[PDB]
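Okay, here we've got a single chain as structure tokens, the form solved without the ligand, with questions on binding and movement later.
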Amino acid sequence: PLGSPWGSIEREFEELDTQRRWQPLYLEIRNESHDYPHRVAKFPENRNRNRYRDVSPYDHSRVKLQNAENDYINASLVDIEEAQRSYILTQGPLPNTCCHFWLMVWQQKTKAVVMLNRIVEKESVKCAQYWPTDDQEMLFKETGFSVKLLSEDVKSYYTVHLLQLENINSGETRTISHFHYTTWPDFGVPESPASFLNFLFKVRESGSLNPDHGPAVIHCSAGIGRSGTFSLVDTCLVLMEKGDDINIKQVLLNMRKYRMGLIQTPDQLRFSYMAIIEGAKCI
């Protein structure tokens, strides 16, 4: 019907809820996702650059650190040509790879970092503290960068930090928008579709995903579950601009050719449908 662009997805959603097919649908996606080479991730010299041995970027889509003796970072370039959307999905940096993370942000001309995890979750560190929390500058001498906190905007479910990234050697500075969603549990879902959508709209409204910036850097802990959920919702909502009925299963499988394991639970998949539907209604 005319005023209901979400109609076909909403009909799918109710159909999958009624037949309780979220778990089998999720298994279909897992079964139909195919492996791709990830040899560089497994080189012995990169062992301490990977947070999890199980989560590796594919060789054909890894982001390379330029002008580096070792060019490896656990980060994947995920692009969806039909949507003209590109993202870098990456793990939460380790203490020894925070310098590589900022070098990547600089070289890729990234304007926004979307962080979907807490530093500490369930008595485990999921990500190093890679930006400063007070007025003291954080120095990454390995790669020649310093980060300063410029401002902090704390809301109920997320915080926005404005960071000043400076190339120490060149003297150039750039302001990075650090969008920190703080109420999304590991392997879980956000507090509500509404709270997630306000966060996503804030990222969109900022201008940080404009084509004249490099791709935004999206991360959680491993960079696949929450990062993949966030990416799928934004991408599908962009695809909906063209007015065709969209196949969410296929969009996700296509995204999974760029980075393994995007969306980690049947409930994250179900949340994805819900946020696309409620997001289309909001718009």
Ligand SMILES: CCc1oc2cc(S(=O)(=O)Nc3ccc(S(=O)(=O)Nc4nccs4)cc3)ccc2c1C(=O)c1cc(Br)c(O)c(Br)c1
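Between two forms, the rigid core is defined as the largest C-alpha subset superposing within 1.5 Å. Shifts are known only where both forms have a C-alpha. When you see a residue number, it is the position in the sequence shown, counting from 1.
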item: Unmodelled residue 283 in at least one third of other entries with both flanks present; value: yes
item: Higher-scoring stretch by recorded Cα B factor average, 14-22 or 257-265; value: 14-22
item: Between the two ranges 241-249 and 220-228, the one averaging a larger CA B factor in the entry; value: 241-249
item: Which of 92, 185, 132, 207 ranks first by CA B-factor in the deposited coordinates; value: 207
item: Ranked C-alpha temperature factor of residue 280 among modelled chain residues, by third; value: middle
item: Chain thirds of CA B-factor: placement of residue 29; value: middle
item: Relative C-alpha B-factor of residue 143, binned into the chain's lowest, middle or highest third; value: highest
item: Residue 85 CA temperature factor, ranked by third within the chain; value: middle
item: Residue 110 - Cα temperature factor, lowest/middle/highest third of chain; value: lowest
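Heads up, the form solved in complex with the ligand isn't pictured, but that's what we're talking about next.
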{"property": "Pose source in the entry with it bound; superposed partner the ligand; site open or blocked by backbone or C-beta within 2.4 Å", "result": "open"}
{"property": "The ligand in the entry with it bound: contacted by all of 239, 242 and 247, heavy atom 4.5 Å", "result": "no"}
{"property": "Close approach of residue 162 to the ligand in the entry with it bound, 4.5 Å, heavy atom", "result": "no"}
{"property": "Residue 202: touches the ligand in the entry with it bound, heavy atom cutoff 4.5 angstroms", "result": "yes"}
{"property": "The ligand contact at residue 168 in the entry with it bound, heavy atom, 4.5 Å", "result": "no"}
{"property": "Any non-hydrogen atom of residue 197 within 4.5 angstroms of the ligand in the entry with it bound", "result": "yes"}
{"property": "Partner-facing stretch of 129-137, 76-84, 172-180, 187-195, counted where any non-hydrogen atom is within 4.5 angstroms of the ligand in the entry with it bound", "result": "187-195"}
{"property": "In the entry with it bound: members of 265-283 within 4.5 Å of the ligand, any heavy atom", "result": "278, 279, 281, 282, 283"}
{"property": "After core alignment, residue runs (3 or more) whose Cα moves 2 Å or more between this form and the one not shown", "result": "190-192"}
